[PDB]
Amino acid sequence: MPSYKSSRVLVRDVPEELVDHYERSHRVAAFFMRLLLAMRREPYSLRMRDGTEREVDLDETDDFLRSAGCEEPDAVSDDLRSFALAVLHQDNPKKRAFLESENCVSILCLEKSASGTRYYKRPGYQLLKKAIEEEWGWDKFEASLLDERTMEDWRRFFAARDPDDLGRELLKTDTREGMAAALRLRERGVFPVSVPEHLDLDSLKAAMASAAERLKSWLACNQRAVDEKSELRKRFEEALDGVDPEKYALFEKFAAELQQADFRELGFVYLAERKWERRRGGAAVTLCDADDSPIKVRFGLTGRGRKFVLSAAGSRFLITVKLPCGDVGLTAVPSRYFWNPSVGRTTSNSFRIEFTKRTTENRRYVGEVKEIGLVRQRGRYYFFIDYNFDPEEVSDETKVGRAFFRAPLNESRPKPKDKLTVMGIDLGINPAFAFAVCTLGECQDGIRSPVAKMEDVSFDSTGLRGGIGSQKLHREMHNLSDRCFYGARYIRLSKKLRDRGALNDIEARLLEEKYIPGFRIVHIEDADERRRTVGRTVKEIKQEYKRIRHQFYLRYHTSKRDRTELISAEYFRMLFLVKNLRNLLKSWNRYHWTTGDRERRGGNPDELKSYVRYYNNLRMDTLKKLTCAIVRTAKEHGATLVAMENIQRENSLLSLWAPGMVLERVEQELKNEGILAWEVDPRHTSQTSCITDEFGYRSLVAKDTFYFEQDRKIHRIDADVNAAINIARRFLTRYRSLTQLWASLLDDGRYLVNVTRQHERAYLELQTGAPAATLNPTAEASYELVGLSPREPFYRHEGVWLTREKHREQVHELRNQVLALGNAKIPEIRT
RNA sequence: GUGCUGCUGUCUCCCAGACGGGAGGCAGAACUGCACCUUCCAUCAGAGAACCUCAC
DNA sequence: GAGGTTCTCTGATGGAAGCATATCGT
DNA sequence: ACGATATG
């Protein structure tokens with residue numbers, strides 16, 4: 001599997017011949033879609049351009065196979081089935097009939113084809129014989145053939161040159177079943193299909209590639225659906241026998257009368273009947289179309305399709321597709337992705353393209369093009385320049401570095417034995433991310449961190465990135481987003497003022513004490529004039545939203561351009577402001593939804609498409625910029641190991657992205673730049689000091705300052721640096737210190753430690769001496785680990801393992817000191 | 001190329017109706033900034049909305 | 001925050017993708 | 001040596 005990065009380039013004046021080739025390629029690809037399914041001789045479901053699903057019967061397969069050439073489709077049935085499953089990759093991966101699904105069209109489509117009657121590349125037999133007959137002594141052949149075969153014919157195979165004889169014997173003894181089926185069909189003279197449009201071999205390869213890949217995907221999904229339905233039915237039938245008697249005949253009538261109006265064993269059994277029945281067993285077949293579901297009309301340089309000669313002049317590409325009708329020259333609209341490109345024909349059927357994506361530096365990127373693909377969108381054509389790239393080299397020393405620091409203490413993986421650079425990364429929204437960088441073998445001055453089995457390290461480089469660029473804009477994106485949230489609730493109640501009378505009691509202080517101050521609307525009692533007073537605010541909401549979006553636009557088109565950061569905390573506030581504005585606009589659009597009225601299958605089908613498009617675009621842009629700043633921060637400091645918080649474990653990156661796809665993108669782009677990363681457990685990183693390794697206070701009024709005590713003097717430090725170091729410190733110490741153990745009580749105050757994870761197993765050994773331990777109580781409401789010779793949270797503190805009630809009070813006792821003392825008398829750490 | 005990403009003027013369909021909101025098209029003006037692997041497909045779950053029912 | 005209702009859109013979590021060599025024959 | 005197949 002090569003590495004792949006891709007982009008699109010526009011072509012404007014497409015000649016009629018290429019348009020015809022495009023459409024014919026889709027039509028033939030649809031023909032392949034249909035003919036493979038027909039040869040499967042298994043009925044399926046076709047989803048038309050509309051939502052309707054059609055049950056294509058066996059007759060529609062039979063008559064189509066009749067048209068395609070098979071005048072007696074039933075008589076040759078098993079043989080067609082075997083060929084069909086071969087091109088769709090339903091045979092064994094080793095010794096496959098067609099390693100590339102395309103390679104069947106020589107036998108399927110042509111008229112005088114020699115495919116299937118060759119031995120020149122038969123694996124390891126003809127090549128071995130041809131090699132030995134030249135410069136070997138007829139003795140290592142025995143070793144080579146015994147090695148693979150662990151018969152007397154092999155003696156004659158090397159007794160003479162006999163290439164044709166061995167080829168014939170291999171084609172006889174070794175018959176890949178998918179090709180034997182095709183030869184049998186062509187012997188009957190029914191296999192060469194009548195392709196509706198006349199295309200040469202190269203274009204038929206390209207069509208069959210896409211048709212076959214669509215069939216392979218759909219077949220895999222169908223098999224998954226069938227297997228899942230079978231397994232769920234197995235679970236239901238296992239549960240049905242169980243212990244429940246035939247009394248389950250009654251919950252049927254019970255559910256009937258319930259749904260007409262609309263027990264543990266009865267309810268659970270009911271779910272299985274409903275869950276099993278509604279699940280589909282088969283997927284839908286979506287046939288290819290020119291405009292509905294386009295396929296890439298691929299043009300390869302080895303046989304996949306018509307060859308192309310990619311060139312470049314100035315700041316744009318020059319594509320020439322060598323069609324059978326003639327050479328067709330296309331010029332490319334210049335792309336900032338492949339800006340100022342240079343092209344070069346290589347010695348391996350490829351073009352070496354060197355271009356420049358970004359505009360900050362002039363860094364030139366190198367890739368190889370080996371296939372170009374053609375699609376259309378909104379009647380406008382495109383080529384997919386799907387190129388390759390070699391990722392940056394990662395030292396074998398980094399791999400031994402990553403394995404060592406990842407391992408729990410009870411594993412003994414080797415020391416890195418070199419000077420690595422480790423990174424600490426926290427992730428937030430206002431503080432997009434913060435970092436701490438340490439160098440192994442070099443501790444000079446800073447927050448010194450233990451390193452497992454090595455000397456300590458000092459974090460020289462520390463910083464907070466992302467952040468709020470302009471203070472005013474961030475506050476305005478927050479005032480409006482608060483208003484947009486509170487208007488959606490307000491007009492839910494507003495209608496009930498007019499729809500009902502005097503509302504209720506639970507709402508009364510919910511409307512007055514919370515919603516009126518929020519939506520900033522004066523309350524009028526007369527219903528007719530409540531529509532006007534609510535409409536003018538929604539106008540005023542848009543009128544100030546447009547202002548904000550325009551000032552957000554001008555972050556890139558003023559003299560403030562130089563100060564505009566790569567990523568800001570405004571990227572996330574805008575996303576929520578777009579989100580809340582969407583709900584409010586949706587709610588006001590249904591201000592007329594009155595009495596009992598519901599959303600219909602029709603109505604308005606394009607509602608708020610501009611906002612949804614802006615929502616997805618802003619997110620995709622935010623994550624790409626977020627990854628760049630992280631990777632830019634990693635490369636600059638010489639980092640090769642990145643410790644990240646496992647965020648899988650409002651004001652969070654969650655509710656904007658899935659918990660994982662954020663981390664996946666960062667790791668992928670780090671690995672392209674030759675930087676390995678690991679996910680560190682993000683427990684107690686924001687509540688534990690990185691200096692004293694003791695619990696502190698995360699200030700609620702100010703979420704950037706973390707208070708702890710050192711030498712009985714209260715200190716403060718940035719809570720993003722504090723967590724960034726605590727993520728890196730955990731990695732370098734191999735999670736040596738834990739701050740929480742789960743324990744369960746059996747009797748008389750002996751809380752038994754629940755060992756679930758291997759990190760707890762190793763930890764107890766370094767203190768107790770056994771892979772298990774107990775908590776004995778002491779005089780001052782504390783505990784102590786003992787350890788046993790062969791669930792309630794507990795918090796460490798000063799070697800005492802206090803409980804949640806007394807851990808909260810210790811945190812609370814420190815808060816009172818902070819509030820009493822004040823930030824003026826609490827010194828700063830970083831600088 | 002696709003986005004971040006809008007402004008002015010003018011024009012057409014739609015939902016409310018005389019408060020307002022949502023799709024779009026051409027026309028210029030302003031701006032030389034940041035980033036950018038993406039195509040296709042099938043299942044099964046969520047978000048919020050909104051109508052019928054609750055006092056949390 | 002109780003509890004099916006009917007629809008769009010993610011969103012989940014998968015699936016298939018984005019070419020090599022080999023020789024004959026002129 | 002390049003083209004026309006063919007198949008790892």
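As recorded in the entry header, the structure was determined using cryo-EM to a resolution of 3.14 Å.

Naming follows the PDB entry, where chain A appears as Cas12-2 of unclassified sequences.

(A) The arrangement of the protein's contact with DNA strand C in detail. Near DNA strand C you find 28 residues, and of these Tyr4, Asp262, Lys370, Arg598 and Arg619 are the closest. With respect to DNA strand C, the side chain of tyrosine 4 contributes an N or O atom lying 2.8 Å from a phosphate oxygen. At 3.1 Å from a base oxygen of DNA strand C is found a side-chain nitrogen or oxygen belonging to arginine 304. Elements with a contribution of two residues or more to the surface near DNA strand C: strand 1 (4-10), helix 10 (201-241), strand 11 (365-377) and helix 18 (609-636). The class makeup of the residues in the surface near DNA strand C is six nonpolar, five polar and 17 charged.

(B) Molecular detail of the environment of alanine 212. In this structure, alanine 212 sits in helix 10. Sequence separation between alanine 212 and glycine 189 is 23 residues; the distance between their C-alpha atoms is 24 Å. Each residue touching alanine 212, except ones within four places of it in the same chain, is listed here: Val87, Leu88 and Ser101.

(C) Region of the structure containing the environment of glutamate 805. Structurally, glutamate 805 can be placed in helix 22 (residues 804-821). In sequence terms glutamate 805 and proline 793 are twelve residues apart; their C-alpha atoms lie 9.7 Å from each other. Polar contacts involving the side chain of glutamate 805 include one to the side chain of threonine 803, which spans 3.1 Å.

(D) Quick look at the domain arrangement of chain A. Looking at chain A, the domain boundaries give domain 1 (4-11 + 290-388), domain 2 (22-50 + 60-220), domain 3 (221-285), domain 4 (396-467 + 628-680), domain 5 (471-594 + 606-622) and domain 6 (697-825). Here the C-alpha centroids of domain 2 and domain 4 sit 50 Å apart.

(E) Structural context of the packing of aromatic side chains. Within the structure shown, the criterion is met by 34 aromatic pairs. Relative to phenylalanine 191, the ring of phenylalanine 83 lies with its centre 4.6 Å away and its plane at 85 degrees, an arrangement referred to as edge-to-face. When sorted by exposure, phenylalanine 83 lands in the same class as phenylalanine 191, which is buried. Grouped by ring-pair contacts, the aromatic residues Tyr125, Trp138, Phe141, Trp154, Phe157 and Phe158 constitute a single cluster. Sitting over the ring of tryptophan 276, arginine 233 keeps its end group 4.5 Å from the ring centre. Over the face of the ring belonging to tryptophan 678 we find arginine 406, whose NZ or CZ atom lies 5.3 Å from the ring centre.

(F) Main features of the pairing of strand 25 (residues 774-777). As defined by bridge partners, strand 24 (residues 751-753) adjoins strand 25 across two bridges and the pair is classed as antiparallel. Paired with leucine 752 across the two strands is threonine 774, which belongs to strand 25. Sheet topology note: the strand 25/strand 26 (residues 783-785) ladder contains three bridges and is antiparallel. Bridge pairing in strand 26 links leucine 775 to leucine 785. The hairpin formed by strand 25 and strand 26 contains five residues between the paired strands, and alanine 781 there has a positive phi angle of roughly 55 degrees.

(G) Main features of the sheet that holds strand 8 (residues 327-331). If you trace the three strands from one edge of the open sheet to the other, you get 6-7-8, paired in antiparallel fashion. The open sheet terminates on both sides in strands that have one partner only, identified here as strand 6 (311-313) and strand 8. Taking the axes of each pair of neighbouring strands and ignoring which way they run, one obtains an average angle of 25 degrees across the sheet. Note that strand 6 and strand 7 (residues 316-322) share three bridges and pair antiparallel. Within strand 7, the position partnered with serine 311 by the bridge is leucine 318.

Parameters at a glance
- Residues numbered from 1 in each chain as written, not as in the entry; some residues may be left out.
- Chains lettered and ligands numbered in written order.
- Heavy atoms only, no water.
- Residues with missing side-chain atoms left out of burial classes, pairs and counts.
- Near = heavy atom within 4 Å.
- Polar contact = N/O pair within 3.5 Å; in protein donor to acceptor, adjacent residues only side chain to side chain.
- Helix = DSSP H or I, 4+ residues; strand = E, 2+ residues; numbered from the N terminus.
- Nonpolar A, V, L, I, M, F, W, Y, C, P; charged D, E, K, R; others polar.
- Contact = heavy atoms within 4.5 Å.
- Domains from an automatic or database assignment.
- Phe/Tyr/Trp six-rings, centres within 6.5 Å; stacked < 30°, edge-to-face > 60°.
- Buried < 20%, exposed > 50% of the residue type's maximum accessible area, 1.4 Å probe, protein only.
- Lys NZ or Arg CZ within 6 Å of the ring centre and 35° of its normal.
- Pairing = 2+ DSSP bridges.
- Axes fitted to C-alpha atoms, helices over the stretch in contact; angles between N-to-C directions.

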